[PDB]
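*Asks:* Protein chains in written order, with PDB author numbering: chain VV, 2 to 142; chain NN, 4 to 127; chain XX, 2 to 186; chain AA, 78 to 132. Note that the Cβ used here is the ideal one computed from N, Cα and C, for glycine as well.
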RNA sequence: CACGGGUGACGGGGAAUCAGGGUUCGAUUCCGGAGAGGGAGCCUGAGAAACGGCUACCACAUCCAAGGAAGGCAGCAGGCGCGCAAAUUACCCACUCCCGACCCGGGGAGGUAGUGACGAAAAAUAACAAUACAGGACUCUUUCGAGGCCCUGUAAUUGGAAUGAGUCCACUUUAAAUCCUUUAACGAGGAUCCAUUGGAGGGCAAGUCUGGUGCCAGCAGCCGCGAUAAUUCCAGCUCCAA
């Protein structure tokens, strides 16, 4: 503390109440701007519609062509670059398919070699991409 | 080898009965039936087995001890005075109704609509 | 509004660091010494030890000749005596803190059957507990988490309905007898 | 581009799973684990190699 | 710090994390407040601005013979939509209580069944013996080798002994059932009656093993791997965590 009076409790409370807003996590938790700008809306998963598939060039030293999907959500209609995690799992996703999109773990941040892509794909038309990669289930045709 | 002990013995004159907790020890066999329970309580208490109603057996783990509750009345008139009709029907001196509750609710709400003496004509 | 309890409590607490080499070494030695099933079987006894030692520290922080301190201390020492981990001459609340996980695991009924010697191994004793051949005071104990009391330690023997004791033989003996009578005629 | 999806998974050779005796589980698995950790080996001089260490 | 605005604010007893301090949630079985799509008004009645009460407007919506009548599931189940997201159009007043003219009748309050890996507790998927072997506390021998008074483990080498998942008489449980326990007769040697979920550079435990790819495909929460010798990719084996 800075002021050490005997009855400065309202001064300390008002000063800490004004200085909590300068923290990033407190502002992200207590203002509705980030919660409105979040396409999930404070959620963990969201269903959407595949509209196109984009090959994104990777970053710095590690170079690759990552396979992202432009997903248009249902509850907001916003468009998200979602990442297809496993190998060979882009061919399981076609145009105009309802896929499930979640975060990646860094709480809204592009991770590693993939620039500007925050989210990833979990399930593809009520069939998970993990099962499509393992070969346990079959895509309904 | 089936042994019946009676704990928590109580004489309820306001209920006109005796009551006890029955502990049945049966070494190396299955659960004895309520008919054999009533017979052994009859030959123990030297009374008629018609007023001996025993219910609620619980078998402990291992298979050598069961515990239930029992009461012994004085007469069948007193048993029908204060004894539940379902446990009377367990032994067979009473028969309850057979009309099920959903059809009874449907019949009651149909009789609620039609007003007059014709409710007997509405019901069945 | 329904009539039920909604009262539960986790008996185990996972450690803070998941992959400590010394902690995994100690738990692996504990299971390989006392015949346990997994790591939760270690962690729940570790958390009961945490409860007992935390209560002992809370009593030793209290002042001497305090009624709550003497009451809780005598109750905890009575519990330790009746579960049989602490000796009858060591019934003092200052000696609770010098007690160990191995002394808690020595009072398991699997370890008690192995120390009385009616079984062959610790895991074979657990096999006997599973297969229900033993009883404790005319009560079959199927679950090896039974805390054996010091008064009930000498009452551990084979059960009544048991092919290893005074009972009917089992499936393999009946099948061998049936095959022998079918081969004889 | 987007035309090389699943290239390595398409061009590698599929090797079938080798048959094997089924593993003991649970308390027997941890007992066998303790038996292959401690009571079989002896304390030798130098750095002790790992379980999967091969030459 | 009035007034004004916002709240993904009903308030509290409480829940999680916790040294001490605090931080977050609380709609949720206990109490108090508000209401039956939105307001407003009233009879009855001790108690209502009541909605399984009415009376007018807005929005939704049913049958009609076209004159009319009639509704309020944020109750119980159930249906559509919205969704990342959540169960049967079952049985009963027997357990706990309530109502009435009341010992008797009723109660989608409540209780019992069906789905259920939110979650909490216990806990199967084996053990023993014999042979070949690899070694530890002793006697002898400089080693090589021998003995077992005491041992520990491995091996589709072999052997019985025991039990449970399940099927299933019967008893018990219960308003009638269901589940638990007991009990006949069945039911295990690849005991096929087969346990998976993630990783193996560091954090953080675990191959510089084998084949292919060659800054491609892909791995990786962070640093970082991958340009024809990849301990980090894809597969086989092995190991590690639960």
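Can you list the residues of chain AA that residue 124 of chain XX reaches, using a CB-CB cut of under 8 angstroms?
*Replies:* Using a Cβ-Cβ cut-off of 8 angstroms, residue 124 of chain XX is close to 104, 105 and 108 of chain AA, given in chain order.
*Asks:* Using 8 angstroms as the cut-off, can you tell me whether the segment 167–176 of chain XX makes contact with the segment 96–110 of chain XX, which would need three or more C-beta pairs spanning the two stretches below that distance?
*Replies:* no
*Asks:* Less than 8 angstroms between the CB atoms is what I'm expecting for residue 161 of chain XX and residue 52 of chain NN, so what's the real figure, rounded?
*Replies:* Actually they do not touch by this definition, with Cβ atoms about 31 angstroms apart.
*Asks:* Are at least three pairs of beta-carbons, each pair with one atom in the segment 82–89 of chain VV and one in the segment 115–125 of chain VV, less than 8 angstroms apart?
*Replies:* yes
*Asks:* Going by C-alpha distance, which of NN:118, NN:109 and NN:119 is nearest residue 127 of chain NN?
*Replies:* Ranking NN:118, NN:109 and NN:119 by Cα distance to residue 127 of chain NN puts NN:109 first.
*Asks:* Comparing alpha-carbon positions, which option in NN:105, NN:81, NN:19 and NN:24 lies nearest residue 70 of chain NN?
*Replies:* NN:24
*Asks:* In the structure shown, what three-state DSSP assignment does residue 92 of chain XX receive?
*Replies:* The answer is coil: DSSP assigns residue 92 of chain XX none of H, G, I, E or B.
*Asks:* Would you say residue 122 of chain AA lies against chain XX (beta-carbon separation less than 9 angstroms)?
*Replies:* no
*Asks:* So which residues on chain AA does residue 92 of chain VV lean against when the C-beta distance must stay under 9 angstroms?
*Replies:* 82 and 83
*Asks:* In angstroms with no decimal places, state the Cα-to-Cα distance between residue 26 of chain AA and residue 134 of chain VV.
*Replies:* Here chain AA comprises residues numbered 78 to 132, so residue 26 of chain AA is not present and cannot be evaluated.
*Asks:* Between the segment 59–68 of chain VV and the segment 5–22 of chain NN, are three or more C-beta pairs nearer than 8 angstroms?
*Replies:* no
*Asks:* Just the C-alpha distance for residue 119 of chain VV and residue 150 of chain XX, rounded to the nearest angstrom, thanks.
*Replies:* 59 angstroms
*Asks:* Under 9 angstroms between C-beta atoms, does residue 112 of chain AA make it to chain XX?
*Replies:* yes
*Asks:* Whose C-beta lies closer than 8 angstroms to the C-beta of residue 18 of chain XX among residues of the same chain, with five residues either side of it excluded?
*Replies:* 24
*Asks:* Under 7 angstroms Cβ-Cβ, which residues of chain AA neighbour residue 38 of chain XX?
*Replies:* Near residue 38 of chain XX (Cβ distances below 7 angstroms), the residues of chain AA are 103 and 104.
*Asks:* Got a sec? Which residues, its chain only, sit under 6 angstroms from residue 57 of chain VV by beta carbon, not counting five neighbours each side?
*Replies:* Taking residue 57 of chain VV as the centre and dropping the five residues before and after it, the same chain places the C-beta of 67 and 69 closer than 6 angstroms to its C-beta, in chain order.
*Asks:* Relative to chain XX, which residues along the segment 48–69 of chain NN have a C-beta separation below 9 angstroms, given in chain order?
*Replies:* Within the segment 48–69 of chain NN, the residues whose Cβ lies closer than 9 angstroms to some Cβ of chain XX are 63, 64, 65, 66, 67 and 68, listed in chain order.
*Asks:* Is the shortest distance between the beta-carbon of residue 29 of chain XX and the beta-carbons of chain AA less than 9 angstroms?
*Replies:* yes
*Asks:* Go ahead and label residue 40 of chain VV buried or exposed: buried means 16 or more other beta carbons lie within 10 angstroms of its beta carbon, across all protein chains shown.
*Replies:* buried
*Asks:* Please check if any C-beta of chain AA sits within less than 9 angstroms of the C-beta of residue 68 of chain VV.
*Replies:* yes
*Asks:* Hey, out of XX:145, XX:169, XX:140 and XX:177, whose CA is closest to residue 28 of chain NN's CA?
*Replies:* XX:140
*Asks:* Assuming the contact rule is C-beta atoms closer than 8 angstroms, residue 92 of chain NN and residue 98 of chain NN should be a hit. Round their C-beta distance to whole Å, please.
*Replies:* 6 angstroms
*Asks:* Just how far apart, CA to CA, sit residue 44 of chain NN and residue 169 of chain XX?
*Replies:* 31 angstroms
*Asks:* Can you tell me which of NN:107, NN:80, NN:101 and NN:10 puts its alpha carbon nearest to the alpha carbon of residue 18 of chain NN?
*Replies:* NN:80
*Asks:* Rounded to the nearest angstrom, how far is the Cβ of residue 158 of chain XX from that of residue 144 of chain XX, given a contact under 8 angstroms?
*Replies:* The Cβ separation is near 18 angstroms, so there is no contact.
*Asks:* Helix, strand or coil for residue 110 of chain VV, going by three-state DSSP, please let me know.
*Replies:* coil
*Asks:* Strictly below 7 angstroms CB to CB, what residues from chain AA border residue 98 of chain VV?
*Replies:* Those within 7 angstroms of residue 98 of chain VV in chain AA number zero; the least Cβ separation is about 16 angstroms.
*Asks:* Are the C-beta of residue 140 of chain XX and some C-beta of chain NN separated by less than 9 angstroms?
*Replies:* yes
*Asks:* For a quick check, are the C-beta atoms of residue 30 of chain XX and residue 115 of chain AA less than 9 angstroms apart?
*Replies:* If you check the CB distance, residue 30 of chain XX and residue 115 of chain AA come in under 9 angstroms.
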